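Here you'll find one protein chain in two forms, each presented separately as structure tokens under the names structure 1 and structure 2.
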Structure 1
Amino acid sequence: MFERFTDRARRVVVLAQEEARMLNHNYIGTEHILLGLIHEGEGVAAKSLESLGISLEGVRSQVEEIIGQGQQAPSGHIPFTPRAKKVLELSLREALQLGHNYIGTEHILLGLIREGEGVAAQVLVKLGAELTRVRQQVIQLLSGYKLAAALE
């Protein structure tokens, strides 16, 4: 599933595992994928949220309040939840529909929102990150970076 993930997008999923470990959780859910995307903090997903007037630190606060922390536990293998797997499947569908031949951070953000039911979608949607609004912003940022590249 991760074949076409960019190095940055792969980093996000690894950071999701770390976020779960740091919070002492026994699952990697949609919440942790969003925390990993924030922790990475530099790709199109992060700039799309910032350009829509949503902050990374504010998202991080709103997720953490919901999900709390578990009990000090040994580190090791944490399983992804089915809805986390569905976020990553939806990230492929988003890249497909947009005509992008790679899975980047922008696609994981769109996957998180499109999944709808999980912690990540609830927090993003409450902050105004509606799927079609965010999709439009991603497309506009990529076009705007391409125009700046044309200038160089």
Structure 2
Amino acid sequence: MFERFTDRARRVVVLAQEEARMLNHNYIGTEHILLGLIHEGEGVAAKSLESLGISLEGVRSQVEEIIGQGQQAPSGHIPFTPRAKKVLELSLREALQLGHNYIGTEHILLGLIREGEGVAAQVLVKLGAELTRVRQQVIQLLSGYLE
């Protein structure tokens, strides 16, 4: 199903792996998806998070606080966590229900808050972005693009 991801959504997922690698992490978790959505910096997900005051630095600090880094950066393919897998599966249905045949950055973000339980969700709540508020912000920005 990655073939239905937009270019930018694929770049998100590719960057999430490197977010994990550069923290000396050995799985790609939901929090690395969150880092990648913000760090890629152009799509509706990034805009939605910026517009709620969720910054790359705030997320990095919470990931250091909650997870911490390993001793060494791994080479080769880093596997998705169970919850990251769930997020990416959910993203497909967020896209279809919003009337899209491709999975964009916003649908990954929506999948992440739909999953609602892993490290990224914990970080968003800690930083003051309640999951319903995040969802409604995405809907609000998408509605503005219908003009």
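Take the two forms, superpose them, and find the largest set of C-alpha atoms that agree within 1.5 Å; that set is the rigid core. Along the sequence of structure 1, residues get numbers from 1 upward.
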(request) Using a rigid core alignment, state whether the CA of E50 is displaced by 2 Å or more between structures 1 and 2. (result) yes
(request) Inspect the rigid-core superposition and answer whether the C-alpha of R133 shifts by 2 angstroms or more between structures 1 and 2. (result) yes
(message) Please report, in whole degrees, the rotation of the smaller rigid segment with respect to the larger one between structures 1 and 2.
(response) 13
(request) Would you mind giving the Cα movement of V14 between structures 1 and 2 in Å, after fitting on the rigid core? (result) 0.3
